[PDB]
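**Student:** Attaching a single structure in structure tokens format; questions to follow.
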Amino acid sequence: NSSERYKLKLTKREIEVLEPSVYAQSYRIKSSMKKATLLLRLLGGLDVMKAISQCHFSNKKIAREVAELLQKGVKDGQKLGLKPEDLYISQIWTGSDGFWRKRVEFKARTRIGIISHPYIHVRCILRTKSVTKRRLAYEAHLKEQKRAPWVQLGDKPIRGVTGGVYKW
Amino acid sequence: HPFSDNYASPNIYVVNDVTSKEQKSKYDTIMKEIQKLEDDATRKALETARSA
Amino acid sequence: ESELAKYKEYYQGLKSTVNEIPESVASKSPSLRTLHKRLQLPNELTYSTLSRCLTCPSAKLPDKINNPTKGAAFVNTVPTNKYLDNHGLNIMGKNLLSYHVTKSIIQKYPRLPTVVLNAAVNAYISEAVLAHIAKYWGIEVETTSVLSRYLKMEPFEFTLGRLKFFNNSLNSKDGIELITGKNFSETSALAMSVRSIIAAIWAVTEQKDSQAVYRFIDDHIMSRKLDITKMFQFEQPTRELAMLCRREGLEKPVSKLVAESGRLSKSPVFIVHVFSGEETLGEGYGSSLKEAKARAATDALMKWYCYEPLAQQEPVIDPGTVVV
Amino acid sequence: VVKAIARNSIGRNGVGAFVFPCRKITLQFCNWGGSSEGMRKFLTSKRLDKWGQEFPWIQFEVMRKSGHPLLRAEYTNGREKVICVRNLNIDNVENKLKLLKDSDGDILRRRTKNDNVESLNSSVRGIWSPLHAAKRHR
Amino acid sequence: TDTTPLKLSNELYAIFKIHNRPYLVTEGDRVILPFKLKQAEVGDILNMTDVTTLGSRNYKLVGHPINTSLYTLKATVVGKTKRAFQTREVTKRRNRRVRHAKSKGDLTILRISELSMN
Amino acid sequence: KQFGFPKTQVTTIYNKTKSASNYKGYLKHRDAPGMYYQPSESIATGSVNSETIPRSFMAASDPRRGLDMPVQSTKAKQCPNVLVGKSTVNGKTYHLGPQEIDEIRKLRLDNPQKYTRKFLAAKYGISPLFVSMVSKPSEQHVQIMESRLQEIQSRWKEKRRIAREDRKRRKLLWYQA
RNA sequence: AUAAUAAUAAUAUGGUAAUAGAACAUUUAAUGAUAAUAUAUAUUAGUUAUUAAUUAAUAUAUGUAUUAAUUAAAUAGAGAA
RNA sequence: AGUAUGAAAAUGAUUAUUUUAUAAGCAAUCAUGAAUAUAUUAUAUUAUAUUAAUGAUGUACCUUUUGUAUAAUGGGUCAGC
């Protein structure tokens, strides 16, 4: 309904942010960050359903919480407009949730330690196979096209300074 | 208090010291005056429509 | 009193100055003077003429002003006189550039292929290059609004000194271009300005010193580096070379191994020379034999085409491109 | 068959016609502000006029602002040097201005030993080759 | 001195010396002298005098400062400037005093405008 | 030999075999004032230089023709032929008439699998290239061949495709000069 | 007869303990314009022979500088316990 | 142990760029390819920036000492004091 052409100019960051995503967040999980990492590294770039399945059949305690989070993120994506079979976990990390209560451990022979009690949160960003993954495939293709080939007897720069004199 | 005439070499010049506030006030008055002019014209047009 | 009335009369005065480009006002403009001094323009070229050269055509304000919602607002420039813009000048400058540059290229490389020559010409005087040159010179665009100028209360001299066309305010704000025509592009305006200056120079000097314009061009445009060897891209050069040899009084070209090392390795070196009789035409190194052969043919073709004769020689008119 | 590769020329400023690198200088000062005294004195005292007379290809803007006194140059390449001349005397300001006018606009940069000449041109003699050398290796 | 091949050749290089510092150049080349020129201002032209060698692809007229008459070699002074500012620190091995040796040497950008056999 | 200049290597004061990269030695080496002949230690592939262009490509009124600088160092008798066609070794033949050509064309359309280019060449004592120039095959056959080629390409791994791309890029680069 | 900067010549310009000289950052007091087109602060990219300041871009605040500058006071500067 | 605010650091996870599975040390500097990033005069054969190809040289700091890489001394690290 218009004869006006346009050209859009967007930063790399702007491109990244505007692709359809969904941002899951856990509640105050009772665990170490290290323990969370030990699981979360497995769920790196998986499809959300696959990740959920892995969490279900994992032996770890954080696993259930992670599964629940993934389920919530899927539900959010559905509400927005996205599909659950389209969603893959783009990023998933953990962090300290703060207010870890220290508590002295009394040892033998008038010695002591301090026992902290770590609480964490897992956040994750689900992105779409339909867009983000396609975009990065396209980028990879462009990079491949750009890539200058290996030339056998090719023009390499004569590195070093000339010194105001012909050496040949 | 330098001026462009003070230097007597035509590639030299002194930009006009008009305070930002004064400029803003001028802008406000002009755009306001335009708005007033427009509103009166619209009212007149409405009156003419009402008449016939 | 009213501030609107004061603004309106200022605008009217500015419009009148644009229409005239009165000489005294142009002289007063510091930017114009500095431009004149920078380029070492002739004293016969008046400051009014220089101001005019910076004035692009802008008779009527376009329909796209009606909506800044569609991503455009033209609020900087003021309407120009129909018979005092850079438009006629610009065309003349373009013609001069197309003549002189091309002639210089032909003098340099009398056998240069037609497509290659055209590319070289473009390189020397493309719109982007011309715009860059104008920027380098210091031809700045009138980006500031008329209202803003009035508020600052700056003279019309400064306006005259700047480049003047329908430059779209909010051109790429929020990363949104509108893709308008050539009559609203900055690069194009800058190109026109540099062509207009050349045309003005020509106009003033033609009767006294006819070649003044052409030496100015040589100084500014033809002084720029262009390796003509980087312009070429052959397809089946051996065949083309053979055709060339047939056309001239030369024996059939055959490629022969001069030197060889590292056969049966990742990166050998094969030197082959395309001989016509005992004379070698092209020398070609390569990782493969085929590659070396190809390179020898390409070298031969380069030597044929990019042959540059001396000024002392009588004119070399080539016998056309080698139609394979 | 032969085809062109679209390519653009490189401007060497010096060779045909020298365009002077410094195009515009802005003298900035404050009426209040004790750091702008030497700048103010310079502006007053017939030196600026002489300068402008000497260099009519540079335009010399003179601005008033609340902050420290400033010398911003503007070059042909599009870069902009800005020297703050806070608390400098007249002569120091003038020296700074001279330095600015001297500059080709390009960014400051570490040079290695003997990194002297910067050519666009292909070597007049070729690049060396072991097959084509005068003395063959063994 | 039969200087005919040099005169003929389209490509041509020079090895002129400023203060016994050699600089190998063609026309268009952009020499960067590592000092502040006092004599020449920006825009001034320098006629090179101590030219050691003048060379084609296969010939060269080399020797004591070759007769200037034989050639031309005009440089243009295209900007006095400086190197990037550096501050190396100078200190001994059990001494808290660390003297900063600030450095920002001067440069003079020349451009070889003309180079030809006269 | 027009010019009788003394000839010089690009001389170092140091041992050239051990210190060829040492610019200092080159800088040190002074030689007596005058004209010299320093033959270039380079191939003349990319050079548009006037001392590199051959005499046949120079114009008739060029002074440079007479001067001895496009040196014929190599000899065509000594060098052996590389990727040379059989026409170049034993001369081109223009023997086949119109009728023979028409017959060839008829054959090729009829059955390009049986009557392939090489077979035609063998029959008529002529080149496969010439056969191709003479006669188109049935477009169906061409389409089939294209489909086969596409299938082969698909059968590749990722690596092979990349290598082929690189090869193509190299080929393109060869013809630049 | 002074100063500021620039010239030409010469001489000097490593450094612990230590002596002397001269500067800068920070905070308060006296005097004190300016203004969210500003200021303050941060990152980055610049410029100034560069502990520093300044330009620009950007984020955040704040309708605003005890602000520039001259003094005078310092709880005036931390990889060393 | 006020109330805001808080891109202060140390520190955790993740990603992106880039490097890294034949190479041996204060981990840097300098040299130097290469890859990438950004760039409203990249005209470009451009610039800068990020980065452990690669080569050269390189025995933390401090105190205390006739003398320290020292296997003499102090410091886990950052912020405040």
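Top line first, the protein sequences correspond to chains O, 8, 5, 4, N and a. According to the entry's author numbering, the residues represented by the first sequence are 142 to 309, in order. According to the entry's author numbering, the residues represented by the second sequence are 213 to 264, in order. According to the entry's author numbering, the residues represented by the third sequence are 67 to 390, in order. According to the entry's author numbering, the residues represented by the fourth sequence are 2 to 139, in order. According to the entry's author numbering, the residues represented by the fifth sequence are 44 to 161, in order. According to the entry's author numbering, the residues represented by the sixth sequence are 19 to 195, in order. Cβ coordinates follow ideal geometry from the N, Cα and C atoms, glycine included.
1. Pull up the DSSP beta-bridge partners for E62 (chain 4), would you.
2. Suppose contacts are defined by Cβ-Cβ distances below 8 Å. Is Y229 (chain O) in contact with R264 (chain O) by that definition?
3. Can you round the beta-carbon distance between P179 (chain 5) and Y371 (chain 5) to whole angstroms, since I take them to be within the 8 Å contact cut?
4. Just to confirm the assignment: which complete beta strand (DSSP E) runs, minimum length 3, are found wholly within the segment 311-354 of chain 5?
5. Which whole-angstrom value is the C-beta distance of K296 (chain 5) and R13 (chain 4), which I expect to be below 8 Å?
6. For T209 (chain 5), count neighbouring Cβ atoms within 10 angstroms of its own Cβ and tell me buried if that reaches 16, exposed if not.
7. Got a sec, what are the start and stop residues for the beta strand (DSSP E) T119 (chain N) sits in?
8. On the criterion of 16 or more Cβ atoms from any shown chain inside 10 Å, does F198 (chain O) qualify as buried, or is it exposed?
9. Give me the Cα-Cα distance between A144 (chain N) and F128 (chain N), rounded to the nearest whole angstrom.
10. Looking at chain a, which residues of the segment 282-302 of chain O have a Cβ within less than 9 Å of any of its Cβ atoms?
11. Would you call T30 (chain a) buried or exposed, if buried means 16 or more other Cβ atoms sit within 10 Å of its Cβ?
12. Beta-carbon of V226 (chain 8) versus every beta-carbon of chain 5: anything under 8 Å?
13. Output yes or no for whether 8 Å exceeds the beta carbon distance between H286 (chain 5) and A18 (chain 4).
14. Excluding five sequence neighbours on each side, which residues of the same chain lie with their C-beta closer than 6 Å to the C-beta of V68 (chain N)?
15. What separation, rounded to the nearest whole angstrom, lies between the Cα atoms of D93 (chain N) and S52 (chain N)?
16. Between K19 (chain a) and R305 (chain 5), what straight-line distance do the alpha-carbon atoms span, to the nearest angstrom?
17. Less than 8 Å separating the beta-carbons of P96 (chain 5) and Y225 (chain 8)?
18. Scan the segment 62-77 of chain 4 for residues whose Cβ lies nearer than 7 Å to a Cβ of chain 5 and list them as they occur along the chain.
19. Hey, out of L316 (chain 5), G137 (chain 5), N156 (chain 5), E374 (chain 5), whose CA is closest to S170 (chain 5)'s CA?
20. Tell me where the alpha helix (DSSP H) around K74 (chain 5) begins and ends.
21. Can you name the residues of chain O whose CB is closer than 9 Å to the CB of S60 (chain a)?
22. Which residue or residues does DSSP assign as beta-bridge partners of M160 (chain N)?
23. DSSP three-state call for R244 (chain O): helix, strand or coil?
24. Does the distance from the CB of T112 (chain 5) to the CB of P57 (chain 4) come in under 8 Å?
25. Taking the alpha helix (DSSP H) that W192 (chain a) falls in, what are its first and last residues?
26. Using the DSSP secondary-structure output, state which residues sit across from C265 (chain O) in a beta bridge.
27. Against chain a, does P77 (chain N) count as a neighbour if the rule is that its beta carbon must be under 8 Å from one of theirs?
28. Taking the alpha-carbon positions, what's the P51 (chain a) to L80 (chain N) distance?
29. Just how far apart, CA to CA, sit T168 (chain 5) and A125 (chain 5)?
30. With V3 (chain 4) as the anchor, note down where its beta strand (DSSP E) starts and where it stops.
31. Would you give the residue range spanned by the beta strand (DSSP E) that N147 (chain 5) belongs to?
32. Please report the straight-line C-alpha distance between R126 (chain a) and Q117 (chain a), rounded to a whole angstrom.
33. From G386 (chain 5) to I6 (chain 4), what does the alpha carbon distance come to, in whole angstroms?
34. Consider the Cβ of residue 7 (chain N): report whether some Cβ of chain a lies at a distance smaller than 8 Å.
35. Assign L55 (chain N) to one of three DSSP states: helix, strand, or coil.
36. Between the alpha carbons of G106 (chain N) and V118 (chain 4), how many angstroms are there, rounded?
**Tutor:** Judging by the given coordinates:
1. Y225 (chain 8), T27 (chain 4)
2. no
3. 6 Å
4. 319-327, 335-342, 345-352
5. In fact, because the Cβ distance is near 16 Å, the residues do not count as touching under 8 Å.
6. exposed
7. 114-125
8. exposed
9. 11 Å
10. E285, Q286, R288, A289, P290, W291, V292, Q293, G295, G301, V302
11. buried
12. no
13. yes
14. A57, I155
15. 22 Å
16. 34 Å
17. yes
18. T77
19. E374 (chain 5)
20. 69-86
21. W309
22. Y114 (chain N)
23. strand
24. no
25. 176-192
26. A165 (chain O), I233 (chain O)
27. no
28. 30 Å
29. 34 Å
30. 3-5
31. No beta strand (DSSP E) holds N147 (chain 5); DSSP gives it neither H nor E.
32. 14 Å
33. 20 Å
34. Residue 7 (chain N) lies beyond the range of chain N shown here (44 to 161); nothing can be said about it.
35. coil
36. 22 Å
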